[PDB]
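For reference, the structure discussed in these notes is given below.
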Protein chains: 2
Amino acid sequence: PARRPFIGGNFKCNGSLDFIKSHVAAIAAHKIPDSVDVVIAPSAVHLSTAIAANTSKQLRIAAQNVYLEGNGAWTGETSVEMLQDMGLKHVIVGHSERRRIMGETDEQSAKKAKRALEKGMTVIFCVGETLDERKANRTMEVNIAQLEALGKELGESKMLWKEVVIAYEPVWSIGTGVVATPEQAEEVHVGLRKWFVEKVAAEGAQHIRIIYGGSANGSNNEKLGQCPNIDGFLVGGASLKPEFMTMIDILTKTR
Amino acid sequence: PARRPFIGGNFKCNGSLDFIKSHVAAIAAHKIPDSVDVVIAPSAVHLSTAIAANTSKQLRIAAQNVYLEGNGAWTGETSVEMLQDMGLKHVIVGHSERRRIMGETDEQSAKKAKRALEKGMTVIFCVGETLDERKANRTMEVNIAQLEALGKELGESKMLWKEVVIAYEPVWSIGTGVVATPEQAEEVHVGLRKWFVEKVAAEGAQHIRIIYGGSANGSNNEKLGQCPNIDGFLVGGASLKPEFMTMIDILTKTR
């Protein structure tokens, strides 16, 4: 019932060509053990520059988003086919910025994930509740609904769930500095784990990785990483900084 | 009251790395006179590959979309800053696939265009009505509304309108093979021209370029290109093929 630690860095809409070259080189120069998964997600226009700068045998490059159709008449959108042609294994789907600011629906996120998973990618599937939703006592209702939408698309497929990494990021913690307490985070992760047991049964559930995000940084990650159901982190702001490497180290010696 | 001919090729969600290299090289090998603007818009993940393959002193690379915020927490989105850092001058905004399939609102398209124009880019701003809208006799009402949204953001700014290229693409003509007749297209373009006269006055209006798109190809472009208010084309499917170069030639000898 053991799971490989995972840390992802979401650069979001940040970076210049020079920054991508210099920052990817810095991360690639860091010692990354073979025991943990480390990925970084540059902006789409920077993926090929990042791949060229990535001299690490461990670090992987991920995309921040992908569309729910194959190649075709989808102006402004990227297909799974394009990502795989570039050699990428990982993609972030359902980030709360896309759900809450850009109108990506629960079904849209689920259909994106399904298509990527079917084609063999690993999907970092994001869920999370807003401050108001938590205030209304709907935290689990909201997170479960987002997962249920995925479940509707994936059913109980062994193949499909294998390469899902759930990222729980309370929306009130994203970019705000208001990191969840270890108790708040673990509480939600236990709820999600229980949901997985019901949907794919106990064995299937034991291997689903759940990472935390929302103001995770070099200074606060250790205590969170000690929680049994927190398998690692999705890191936004700190992923643009040297402290990202500190987080890699900490996740390693903790888990 | 004369305007430089313009042809843009929108690759949409198509291409592999090898295809971008080979197809951009083929277009770049073609003779392009200094008298016309020729741009191609690869998918975002392919922009840097396209730039590297573009050995032409005339051909320009454009983006298919851009977001309405600067760098920041906008997962999956590209900023104007990123495009300019990569050396791009042109971007497509408001393509009807984004408006009609992906929920991009008239205001969102307008705000994207305004931000790009303020920063110095040339924006290919797309407008168009659906078959049902035309059937309901609302063709001009719809197209004008889309333009009015832009006008609300740009006002009567001389600086801002200077680098707008309007692309009229009837939605019923996009990817369907059902190209507009020269009469249908010119009729709408005259309506748009009249609108510009009212909004920015006659002088400002005389320099706004209006291109046609929607099943424009190597075989049907000549007659359309002969229309006084059709300053060129936005080309989807044919832009992925050798006939794109034929269209460049035709636009040149016609206008």
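The way I read the labels, and the way they are meant: chains A, B, ... in the order of the structure tokens, residue 1 as the first residue of every chain, and ligand 1 as the first ligand shown, with later ones counted on from there.
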
Enumerate, in order of chain and increasing residue number, the residues of chain B with an atom no farther than 7 Å from chain A, each with its shortest atom pair and distance in Å to one decimal, counting only C-alpha atoms, as JSON lines.
```
{"residue": "B:12", "atom": "CA", "partner": "A:75", "partner_atom": "CA", "distance": 4.5}
{"residue": "B:13", "atom": "CA", "partner": "A:72", "partner_atom": "CA", "distance": 5.1}
{"residue": "B:14", "atom": "CA", "partner": "A:71", "partner_atom": "CA", "distance": 5.2}
{"residue": "B:16", "atom": "CA", "partner": "A:82", "partner_atom": "CA", "distance": 6.2}
{"residue": "B:43", "atom": "CA", "partner": "A:76", "partner_atom": "CA", "distance": 6.6}
{"residue": "B:44", "atom": "CA", "partner": "A:45", "partner_atom": "CA", "distance": 5.2}
{"residue": "B:45", "atom": "CA", "partner": "A:45", "partner_atom": "CA", "distance": 4.9}
{"residue": "B:47", "atom": "CA", "partner": "A:45", "partner_atom": "CA", "distance": 6.5}
{"residue": "B:64", "atom": "CA", "partner": "A:76", "partner_atom": "CA", "distance": 5.0}
{"residue": "B:65", "atom": "CA", "partner": "A:76", "partner_atom": "CA", "distance": 5.1}
{"residue": "B:71", "atom": "CA", "partner": "A:13", "partner_atom": "CA", "distance": 5.2}
{"residue": "B:72", "atom": "CA", "partner": "A:13", "partner_atom": "CA", "distance": 5.1}
{"residue": "B:73", "atom": "CA", "partner": "A:12", "partner_atom": "CA", "distance": 5.5}
{"residue": "B:74", "atom": "CA", "partner": "A:13", "partner_atom": "CA", "distance": 5.3}
{"residue": "B:75", "atom": "CA", "partner": "A:12", "partner_atom": "CA", "distance": 4.5}
{"residue": "B:76", "atom": "CA", "partner": "A:64", "partner_atom": "CA", "distance": 5.0}
{"residue": "B:77", "atom": "CA", "partner": "A:13", "partner_atom": "CA", "distance": 6.0}
{"residue": "B:78", "atom": "CA", "partner": "A:13", "partner_atom": "CA", "distance": 6.1}
{"residue": "B:79", "atom": "CA", "partner": "A:13", "partner_atom": "CA", "distance": 6.8}
{"residue": "B:82", "atom": "CA", "partner": "A:16", "partner_atom": "CA", "distance": 6.2}
{"residue": "B:85", "atom": "CA", "partner": "A:16", "partner_atom": "CA", "distance": 6.3}
{"residue": "B:95", "atom": "CA", "partner": "A:75", "partner_atom": "CA", "distance": 6.9}
{"residue": "B:97", "atom": "CA", "partner": "A:75", "partner_atom": "CA", "distance": 6.2}
{"residue": "B:98", "atom": "CA", "partner": "A:75", "partner_atom": "CA", "distance": 6.7}
```

Once you have the residues from the selection above, write them out as a JSON list (two decimals), in the first residue's frame, restricted to N, CA, C and O atoms.
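What ended up in part.json:
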```json
[["chain", "number", "residue", "atom", "x", "y", "z"],
["B", 12, "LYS", "N", -4.76, 26.13, -36.66],
["B", 12, "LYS", "CA", -5.64, 25.58, -35.61],
["B", 12, "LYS", "C", -4.92, 24.49, -34.83],
["B", 12, "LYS", "O", -3.70, 24.58, -34.64],
["B", 13, "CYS", "N", -5.64, 23.48, -34.36],
["B", 13, "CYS", "CA", -5.02, 22.46, -33.53],
["B", 13, "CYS", "C", -4.52, 21.33, -34.41],
["B", 13, "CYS", "O", -5.06, 20.23, -34.40],
["B", 14, "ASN", "N", -3.49, 21.63, -35.20],
["B", 14, "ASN", "CA", -2.93, 20.65, -36.12],
["B", 14, "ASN", "C", -1.43, 20.75, -36.14],
["B", 14, "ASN", "O", -0.87, 21.83, -35.96],
["B", 16, "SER", "N", 2.53, 18.25, -36.05],
["B", 16, "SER", "CA", 3.53, 17.64, -35.20],
["B", 16, "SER", "C", 4.77, 18.50, -35.36],
["B", 16, "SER", "O", 4.82, 19.38, -36.22],
["B", 43, "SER", "N", 0.05, 26.26, -33.58],
["B", 43, "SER", "CA", -0.41, 26.02, -32.22],
["B", 43, "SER", "C", 0.65, 26.54, -31.23],
["B", 43, "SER", "O", 1.84, 26.59, -31.57],
["B", 44, "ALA", "N", 0.23, 26.92, -30.03],
["B", 44, "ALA", "CA", 1.13, 27.56, -29.08],
["B", 44, "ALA", "C", 2.39, 26.74, -28.81],
["B", 44, "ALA", "O", 3.49, 27.30, -28.79],
["B", 45, "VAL", "N", 2.24, 25.44, -28.63],
["B", 45, "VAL", "CA", 3.42, 24.62, -28.32],
["B", 45, "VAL", "C", 4.42, 24.56, -29.47],
["B", 45, "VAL", "O", 5.55, 24.13, -29.28],
["B", 47, "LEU", "N", 5.15, 27.33, -31.57],
["B", 47, "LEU", "CA", 5.63, 28.64, -31.98],
["B", 47, "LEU", "C", 7.16, 28.72, -32.09],
["B", 47, "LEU", "O", 7.68, 29.20, -33.08],
["B", 64, "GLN", "N", -2.42, 31.99, -32.07],
["B", 64, "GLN", "CA", -3.83, 31.74, -32.30],
["B", 64, "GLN", "C", -4.75, 32.33, -31.25],
["B", 64, "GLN", "O", -5.96, 32.35, -31.45],
["B", 65, "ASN", "N", -4.19, 32.79, -30.13],
["B", 65, "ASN", "CA", -4.97, 33.23, -28.98],
["B", 65, "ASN", "C", -4.02, 33.85, -27.98],
["B", 65, "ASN", "O", -2.81, 33.59, -28.02],
["B", 71, "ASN", "N", 1.40, 38.58, -17.12],
["B", 71, "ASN", "CA", 1.96, 37.44, -16.41],
["B", 71, "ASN", "C", 1.35, 37.35, -15.01],
["B", 71, "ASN", "O", 1.12, 38.37, -14.36],
["B", 72, "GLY", "N", 1.10, 36.12, -14.56],
["B", 72, "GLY", "CA", 0.49, 35.91, -13.26],
["B", 72, "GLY", "C", -0.17, 34.55, -13.18],
["B", 72, "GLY", "O", 0.18, 33.63, -13.93],
["B", 73, "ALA", "N", -1.13, 34.43, -12.27],
["B", 73, "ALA", "CA", -1.68, 33.13, -11.91],
["B", 73, "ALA", "C", -2.84, 32.75, -12.82],
["B", 73, "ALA", "O", -4.01, 32.73, -12.42],
["B", 74, "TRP", "N", -2.49, 32.42, -14.07],
["B", 74, "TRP", "CA", -3.47, 32.11, -15.11],
["B", 74, "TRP", "C", -3.08, 30.81, -15.79],
["B", 74, "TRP", "O", -2.60, 30.79, -16.93],
["B", 75, "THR", "N", -3.29, 29.71, -15.07],
["B", 75, "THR", "CA", -2.85, 28.39, -15.53],
["B", 75, "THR", "C", -3.44, 28.07, -16.91],
["B", 75, "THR", "O", -4.64, 28.22, -17.15],
["B", 76, "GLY", "N", -2.56, 27.64, -17.82],
["B", 76, "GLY", "CA", -2.97, 27.32, -19.18],
["B", 76, "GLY", "C", -3.08, 28.48, -20.16],
["B", 76, "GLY", "O", -3.45, 28.27, -21.31],
["B", 77, "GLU", "N", -2.78, 29.69, -19.71],
["B", 77, "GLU", "CA", -2.96, 30.87, -20.55],
["B", 77, "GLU", "C", -1.64, 31.53, -20.89],
["B", 77, "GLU", "O", -0.66, 31.43, -20.14],
["B", 78, "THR", "N", -1.63, 32.19, -22.05],
["B", 78, "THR", "CA", -0.45, 32.90, -22.57],
["B", 78, "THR", "C", -0.67, 34.41, -22.43],
["B", 78, "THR", "O", -1.75, 34.90, -22.77],
["B", 79, "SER", "N", 0.34, 35.14, -21.98],
["B", 79, "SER", "CA", 0.26, 36.60, -21.95],
["B", 79, "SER", "C", 0.83, 37.25, -23.22],
["B", 79, "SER", "O", 1.66, 36.67, -23.92],
["B", 82, "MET", "N", 4.56, 37.30, -23.04],
["B", 82, "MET", "CA", 5.24, 36.11, -23.53],
["B", 82, "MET", "C", 5.40, 36.13, -25.04],
["B", 82, "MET", "O", 6.46, 35.76, -25.56],
["B", 85, "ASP", "N", 8.05, 38.69, -25.99],
["B", 85, "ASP", "CA", 9.36, 38.15, -25.64],
["B", 85, "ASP", "C", 9.89, 37.17, -26.69],
["B", 85, "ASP", "O", 11.10, 37.07, -26.92],
["B", 95, "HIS", "N", -11.53, 34.18, -32.53],
["B", 95, "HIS", "CA", -11.89, 33.22, -33.55],
["B", 95, "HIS", "C", -13.22, 32.56, -33.17],
["B", 95, "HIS", "O", -13.48, 32.29, -31.99],
["B", 97, "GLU", "N", -14.37, 29.65, -33.33],
["B", 97, "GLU", "CA", -14.29, 28.40, -32.58],
["B", 97, "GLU", "C", -14.21, 28.69, -31.08],
["B", 97, "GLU", "O", -14.83, 28.00, -30.26],
["B", 98, "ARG", "N", -13.49, 29.74, -30.72],
["B", 98, "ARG", "CA", -13.40, 30.11, -29.32],
["B", 98, "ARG", "C", -14.70, 30.76, -28.83],
["B", 98, "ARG", "O", -15.16, 30.48, -27.72]]
```

Just list the residues in segment 18-182 of chain B DSSP gives alpha helix (DSSP H) on the backbone, as a ChimeraX atom specification.
/B:18-28,47-53,80-85,96-100,106-118,131-135,139-154,158-161,182

What does the distance from atom CA of residue 153 of chain A to atom CA of residue 230 of chain A come to in Å, to one decimal?
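These atoms are spaced 25.1 Å apart.
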
Shell around residue 114 of chain B at 12 Å using only C-alpha atoms, local window under 4 positions removed, as a ChimeraX atom specification:
/B:66-69,80,91,93-94,107-110,118-125,149-155,157,159-164

Export of prior selection with C-alpha atoms as a CSV table (one decimal), in the first residue's frame:
```
chain,number,residue,atom,x,y,z
B,66,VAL,CA,-3.8,35.2,-26.0
B,67,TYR,CA,-5.2,35.9,-22.6
B,68,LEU,CA,-6.5,39.2,-21.2
B,69,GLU,CA,-4.1,39.5,-18.2
B,80,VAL,CA,1.0,39.3,-24.5
B,91,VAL,CA,-2.2,37.4,-32.7
B,93,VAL,CA,-8.4,37.1,-31.2
B,94,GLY,CA,-12.0,36.1,-31.1
B,107,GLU,CA,-16.3,41.4,-24.0
B,108,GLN,CA,-13.5,38.8,-23.4
B,109,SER,CA,-12.5,39.0,-27.1
B,110,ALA,CA,-12.5,42.8,-26.9
B,118,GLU,CA,-1.9,48.6,-26.3
B,119,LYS,CA,1.3,46.7,-26.1
B,120,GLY,CA,2.0,47.2,-29.8
B,121,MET,CA,0.7,44.0,-31.4
B,122,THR,CA,-1.3,43.6,-34.6
B,123,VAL,CA,-4.6,41.8,-33.9
B,124,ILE,CA,-6.5,39.7,-36.3
B,125,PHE,CA,-9.9,40.3,-34.8
B,149,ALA,CA,-17.7,45.3,-27.9
B,150,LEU,CA,-14.3,46.1,-29.3
B,151,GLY,CA,-15.2,49.7,-29.8
B,152,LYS,CA,-16.3,49.9,-26.2
B,153,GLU,CA,-12.8,48.9,-25.2
B,154,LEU,CA,-10.9,50.9,-27.8
B,155,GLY,CA,-13.2,53.9,-28.2
B,157,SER,CA,-8.3,55.6,-30.3
B,159,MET,CA,-3.3,54.4,-32.0
B,160,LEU,CA,-5.3,51.3,-31.1
B,161,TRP,CA,-7.3,50.8,-34.4
B,162,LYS,CA,-4.2,51.3,-36.5
B,163,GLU,CA,-3.1,47.7,-36.0
B,164,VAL,CA,-6.5,46.0,-36.1
```

Once chain B is fitted onto chain A by least squares over all its in-order Cα atoms, send the moved chain as a CSV table (one decimal) with C-alpha atoms, in the first residue's frame.
```csv
chain,number,residue,atom,x,y,z
B,1,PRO,CA,0.0,0.0,0.0
B,2,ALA,CA,3.0,2.4,-0.6
B,3,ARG,CA,3.0,5.3,-3.1
B,4,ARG,CA,5.8,7.1,-4.9
B,5,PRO,CA,6.3,10.7,-3.7
B,6,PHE,CA,5.3,13.4,-6.2
B,7,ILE,CA,6.1,17.1,-6.6
B,8,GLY,CA,5.0,19.3,-9.4
B,9,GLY,CA,5.8,22.9,-10.1
B,10,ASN,CA,3.2,24.9,-11.9
B,11,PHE,CA,4.8,28.0,-13.4
B,12,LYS,CA,1.4,29.3,-14.5
B,13,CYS,CA,1.5,32.3,-16.8
B,14,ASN,CA,5.1,33.3,-15.9
B,15,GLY,CA,8.4,33.4,-17.6
B,16,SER,CA,10.5,34.7,-20.5
B,17,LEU,CA,12.6,32.5,-22.7
B,18,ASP,CA,15.7,33.5,-20.8
B,19,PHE,CA,14.0,32.7,-17.4
B,20,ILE,CA,12.9,29.3,-18.6
B,21,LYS,CA,16.4,28.4,-19.8
B,22,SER,CA,18.0,29.6,-16.6
B,23,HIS,CA,15.5,28.2,-14.2
B,24,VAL,CA,15.1,24.8,-15.8
B,25,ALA,CA,18.9,24.5,-15.9
B,26,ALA,CA,19.0,25.3,-12.2
B,27,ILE,CA,16.4,22.7,-11.3
B,28,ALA,CA,18.1,20.1,-13.6
B,29,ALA,CA,21.4,20.7,-11.9
B,30,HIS,CA,19.9,19.7,-8.6
B,31,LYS,CA,20.3,16.1,-7.3
B,32,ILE,CA,16.9,14.4,-7.8
B,33,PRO,CA,16.7,10.8,-6.5
B,34,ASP,CA,15.1,8.1,-8.6
B,35,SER,CA,12.7,7.5,-5.7
B,36,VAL,CA,10.5,10.5,-6.3
B,37,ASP,CA,8.6,12.0,-9.3
B,38,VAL,CA,9.5,15.7,-10.0
B,39,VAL,CA,7.7,17.6,-12.8
B,40,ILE,CA,7.5,21.2,-13.8
B,41,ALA,CA,4.8,22.8,-16.0
B,42,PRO,CA,6.0,25.8,-18.0
B,43,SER,CA,3.5,27.8,-20.1
B,44,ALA,CA,2.7,26.2,-23.5
B,45,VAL,CA,4.8,28.5,-25.6
B,46,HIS,CA,7.8,27.6,-23.4
B,47,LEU,CA,7.6,23.8,-23.4
B,48,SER,CA,10.1,23.1,-26.2
B,49,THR,CA,12.5,25.6,-24.7
B,50,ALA,CA,12.2,23.8,-21.3
B,51,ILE,CA,12.7,20.4,-22.9
B,52,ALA,CA,15.9,21.6,-24.6
B,53,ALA,CA,17.2,23.1,-21.3
B,54,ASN,CA,16.3,19.9,-19.3
B,55,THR,CA,19.5,18.0,-19.0
B,56,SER,CA,18.2,16.0,-16.0
B,57,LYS,CA,17.5,12.2,-16.3
B,58,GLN,CA,14.8,12.5,-13.6
B,59,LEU,CA,13.0,15.9,-14.1
B,60,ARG,CA,10.0,15.8,-16.4
B,61,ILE,CA,8.3,18.6,-18.2
B,62,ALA,CA,4.5,18.8,-18.0
B,63,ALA,CA,1.8,20.9,-19.7
B,64,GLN,CA,-0.6,23.2,-17.7
B,65,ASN,CA,-3.7,22.3,-19.7
B,66,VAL,CA,-4.9,20.3,-22.7
B,67,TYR,CA,-8.1,20.2,-24.7
B,68,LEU,CA,-10.8,17.5,-24.9
B,69,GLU,CA,-10.6,16.9,-28.7
B,70,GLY,CA,-7.8,15.5,-30.9
B,71,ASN,CA,-6.2,17.4,-33.7
B,72,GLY,CA,-8.7,19.5,-35.6
B,73,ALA,CA,-10.4,22.9,-35.8
B,74,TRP,CA,-9.9,24.0,-32.2
B,75,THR,CA,-8.2,27.4,-32.5
B,76,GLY,CA,-6.0,28.2,-29.5
B,77,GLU,CA,-6.1,24.7,-28.0
B,78,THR,CA,-3.5,21.9,-27.6
B,79,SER,CA,-4.3,18.2,-28.2
B,80,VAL,CA,-2.9,15.2,-26.3
B,81,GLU,CA,-1.4,14.2,-29.6
B,82,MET,CA,0.7,17.3,-29.7
B,83,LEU,CA,1.9,16.8,-26.1
B,84,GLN,CA,2.9,13.2,-26.8
B,85,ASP,CA,4.6,14.1,-30.0
B,86,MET,CA,6.8,16.5,-27.9
B,87,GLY,CA,7.6,13.6,-25.6
B,88,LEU,CA,5.5,14.7,-22.6
B,89,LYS,CA,4.0,12.2,-20.1
B,90,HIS,CA,2.3,14.6,-17.7
B,91,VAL,CA,-0.5,17.3,-17.8
B,92,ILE,CA,-2.4,19.3,-15.3
B,93,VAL,CA,-6.1,19.2,-15.7
B,94,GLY,CA,-8.8,21.1,-13.9
B,95,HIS,CA,-6.7,23.7,-12.1
B,96,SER,CA,-8.9,25.9,-10.1
B,97,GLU,CA,-7.9,29.0,-12.0
B,98,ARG,CA,-9.4,27.4,-15.1
B,99,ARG,CA,-12.5,26.1,-13.2
B,100,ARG,CA,-13.3,29.3,-11.3
B,101,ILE,CA,-12.0,32.1,-13.4
B,102,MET,CA,-12.2,30.7,-17.0
B,103,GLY,CA,-15.4,28.6,-16.7
B,104,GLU,CA,-14.0,25.1,-17.2
B,105,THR,CA,-16.8,22.9,-16.0
B,106,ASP,CA,-16.6,19.7,-13.9
B,107,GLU,CA,-17.5,17.7,-17.0
B,108,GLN,CA,-14.9,19.5,-19.2
B,109,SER,CA,-12.1,18.8,-16.7
B,110,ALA,CA,-13.3,15.2,-16.5
B,111,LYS,CA,-13.4,14.7,-20.3
B,112,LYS,CA,-9.9,16.3,-20.7
B,113,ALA,CA,-8.5,13.9,-18.1
B,114,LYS,CA,-10.2,10.8,-19.6
B,115,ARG,CA,-8.7,11.6,-23.1
B,116,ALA,CA,-5.2,12.1,-21.7
B,117,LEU,CA,-5.4,9.0,-19.6
B,118,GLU,CA,-6.7,6.9,-22.5
B,119,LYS,CA,-3.7,7.9,-24.6
B,120,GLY,CA,-1.3,7.0,-21.8
B,121,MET,CA,-0.6,10.3,-20.0
B,122,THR,CA,-0.3,10.9,-16.3
B,123,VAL,CA,-2.9,13.5,-15.3
B,124,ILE,CA,-2.5,15.8,-12.3
B,125,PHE,CA,-6.3,16.3,-11.6
B,126,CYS,CA,-7.1,19.3,-9.5
B,127,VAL,CA,-10.0,19.7,-7.1
B,128,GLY,CA,-10.8,22.2,-4.4
B,129,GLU,CA,-13.4,24.3,-2.6
B,130,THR,CA,-13.7,28.0,-2.2
B,131,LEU,CA,-13.7,29.9,1.1
B,132,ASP,CA,-17.4,30.5,0.8
B,133,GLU,CA,-18.0,26.8,0.1
B,134,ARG,CA,-16.1,25.9,3.2
B,135,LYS,CA,-18.0,28.5,5.2
B,136,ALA,CA,-21.2,26.9,4.0
B,137,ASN,CA,-19.9,23.5,5.2
B,138,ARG,CA,-19.8,22.1,1.7
B,139,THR,CA,-16.0,21.3,1.5
B,140,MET,CA,-16.4,17.5,0.9
B,141,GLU,CA,-19.6,18.0,-1.2
B,142,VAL,CA,-17.7,20.2,-3.7
B,143,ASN,CA,-14.5,18.1,-3.9
B,144,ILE,CA,-16.5,14.9,-4.2
B,145,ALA,CA,-18.6,16.4,-7.0
B,146,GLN,CA,-15.5,17.3,-9.0
B,147,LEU,CA,-14.2,13.8,-8.5
B,148,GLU,CA,-17.6,12.2,-9.3
B,149,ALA,CA,-17.5,14.0,-12.7
B,150,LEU,CA,-14.2,12.2,-13.4
B,151,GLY,CA,-15.6,8.9,-12.1
B,152,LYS,CA,-18.5,9.3,-14.6
B,153,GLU,CA,-16.0,9.4,-17.4
B,154,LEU,CA,-13.5,6.8,-16.1
B,155,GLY,CA,-15.9,4.5,-14.3
B,156,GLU,CA,-14.0,1.8,-12.4
B,157,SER,CA,-11.3,1.4,-15.1
B,158,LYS,CA,-8.1,0.0,-13.6
B,159,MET,CA,-6.1,1.2,-16.6
B,160,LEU,CA,-7.4,4.8,-16.3
B,161,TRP,CA,-7.1,5.5,-12.6
B,162,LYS,CA,-3.5,4.1,-12.5
B,163,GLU,CA,-2.0,7.3,-13.8
B,164,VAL,CA,-4.2,9.8,-12.0
B,165,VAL,CA,-2.6,12.0,-9.4
B,166,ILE,CA,-5.2,14.0,-7.5
B,167,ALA,CA,-4.1,17.5,-6.4
B,168,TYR,CA,-6.2,18.9,-3.6
B,169,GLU,CA,-5.8,22.7,-3.5
B,170,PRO,CA,-8.2,24.7,-1.4
B,171,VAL,CA,-9.0,27.7,-3.5
B,172,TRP,CA,-8.6,30.0,-0.6
B,173,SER,CA,-5.0,28.8,-0.3
B,174,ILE,CA,-4.0,29.3,-3.9
B,175,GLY,CA,-1.5,32.2,-4.2
B,176,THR,CA,-2.8,33.7,-1.0
B,177,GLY,CA,-0.2,32.6,1.5
B,178,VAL,CA,-3.0,31.0,3.5
B,179,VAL,CA,-1.7,27.5,3.6
B,180,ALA,CA,-4.0,24.8,5.0
B,181,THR,CA,-3.0,23.3,8.4
B,182,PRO,CA,-1.8,19.7,8.4
B,183,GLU,CA,-5.1,18.9,10.1
B,184,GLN,CA,-7.2,20.6,7.5
B,185,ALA,CA,-5.4,19.1,4.6
B,186,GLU,CA,-5.2,15.5,6.0
B,187,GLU,CA,-8.9,15.7,6.9
B,188,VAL,CA,-9.8,16.3,3.2
B,189,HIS,CA,-7.3,13.8,1.9
B,190,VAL,CA,-8.8,11.1,4.2
B,191,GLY,CA,-12.2,12.0,2.8
B,192,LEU,CA,-11.0,11.6,-0.8
B,193,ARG,CA,-9.3,8.3,0.0
B,194,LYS,CA,-12.6,7.0,1.5
B,195,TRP,CA,-14.3,8.1,-1.7
B,196,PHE,CA,-11.8,6.1,-3.8
B,197,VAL,CA,-12.3,3.0,-1.8
B,198,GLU,CA,-16.0,3.2,-2.6
B,199,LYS,CA,-15.5,3.9,-6.3
B,200,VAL,CA,-12.6,1.6,-7.2
B,201,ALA,CA,-12.4,-0.6,-4.1
B,202,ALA,CA,-9.7,-0.9,-1.6
B,203,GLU,CA,-6.8,-2.2,-3.8
B,204,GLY,CA,-7.4,0.3,-6.5
B,205,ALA,CA,-7.6,3.0,-3.8
B,206,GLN,CA,-4.3,2.1,-2.1
B,207,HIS,CA,-2.3,3.3,-5.1
B,208,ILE,CA,-4.1,6.6,-6.0
B,209,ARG,CA,-1.7,9.4,-5.1
B,210,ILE,CA,-3.0,12.6,-3.5
B,211,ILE,CA,-0.9,15.7,-3.3
B,212,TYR,CA,-1.5,19.0,-1.6
B,213,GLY,CA,-1.3,22.5,-3.1
B,214,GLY,CA,-2.1,26.0,-2.1
B,215,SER,CA,0.8,28.1,-0.7
B,216,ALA,CA,3.1,25.1,-0.2
B,217,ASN,CA,6.7,26.4,0.1
B,218,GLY,CA,10.2,25.6,1.4
B,219,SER,CA,9.3,26.7,4.9
B,220,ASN,CA,6.0,25.0,5.5
B,221,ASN,CA,6.1,21.7,3.5
B,222,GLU,CA,7.7,19.4,6.0
B,223,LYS,CA,4.8,19.1,8.5
B,224,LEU,CA,2.3,18.7,5.6
B,225,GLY,CA,4.5,16.1,4.0
B,226,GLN,CA,4.5,14.1,7.2
B,227,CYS,CA,0.8,13.5,6.9
B,228,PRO,CA,0.1,9.9,5.7
B,229,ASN,CA,-2.3,10.8,2.9
B,230,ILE,CA,-0.2,13.8,1.6
B,231,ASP,CA,2.0,12.1,-1.1
B,232,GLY,CA,3.7,15.4,-2.1
B,233,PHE,CA,2.8,18.8,-3.5
B,234,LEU,CA,1.6,20.9,-6.4
B,235,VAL,CA,3.6,24.1,-6.1
B,236,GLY,CA,2.8,27.4,-7.7
B,237,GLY,CA,4.7,30.5,-6.6
B,238,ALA,CA,7.6,28.6,-5.0
B,239,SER,CA,8.2,26.6,-8.2
B,240,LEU,CA,9.6,29.8,-9.8
B,241,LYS,CA,12.2,30.1,-7.1
B,242,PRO,CA,15.3,28.3,-5.8
B,243,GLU,CA,13.2,27.0,-2.8
B,244,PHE,CA,11.6,24.5,-5.2
B,245,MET,CA,14.8,22.5,-4.9
B,246,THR,CA,14.6,22.6,-1.1
B,247,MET,CA,11.1,21.2,-1.4
B,248,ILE,CA,12.3,18.3,-3.5
B,249,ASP,CA,14.9,17.5,-0.8
B,250,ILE,CA,12.4,17.7,2.0
B,251,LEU,CA,9.8,15.5,0.3
B,252,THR,CA,12.7,13.0,-0.3
B,253,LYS,CA,13.9,12.7,3.3
B,254,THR,CA,10.4,12.8,4.8
B,255,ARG,CA,8.8,10.1,2.5
```

Please run DSSP on the backbone and report, as number ranges by chain, all residues within segment 140-230 of chain A that come out as strand (DSSP E or B).
A: 164-168, 209-213
